[PDB]
């Protein structure tokens, strides 16, 4: 009885990592860092921020360590940003710090996707209704948190696709 919700989640998150593959395909350093205005986000920022949001929030509900630190991606990126920064609330001067090659942007997201698939494989209705304690009143259910991740990441991955065109 849990297969239907598991499949919806697996498919939705798969669409995200598929987009990462399209966006990083042939993605150069210049194009990845391009910003149409000094306050706009770059492709590199959108890929990094999406992966961070998914990693930190999936790891939170799964009760495990984020891939970012567990496998040393934070050190491979070497960003001049706090160690657990996700990009939420960044100012333009923070956006400019997000500099990483396409293969690192893709490798990190693929590791986040593997973590995500592992968590979804054990999804139950009971887990989807579990309340998740966060600092943001109100708490939310696992289901709402997962939907929030897909919605945020799909929006940003869409923005990155639009950027590749308008550049």
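Positions refer to the first chain, counted from 1.
- Per the PDB record, of the two stretches 117-125 and 53-61, 117-125 carries the greater mean B-factor over its C-alpha atoms.
- Mean CA temperature factor is higher for 126-134 when stretches 28-36 and 126-134 are set side by side in the entry.
- Ranked by Cα temperature factor within the chain, residue 106 sits in the middle third according to the deposited record.
- Among the modelled residues of the chain, residue 87 sits in the lowest third by CA temperature factor in this PDB entry.
- Looking at the C-alpha B-factors along this chain, the one for residue 167 belongs to the highest third.
- When the CA B factors of the chain's modelled residues are split into thirds, the value for residue 98 lands in the middle one.
- Residue 4 sits in the highest third of its chain by CA B factor, as recorded in the PDB entry.
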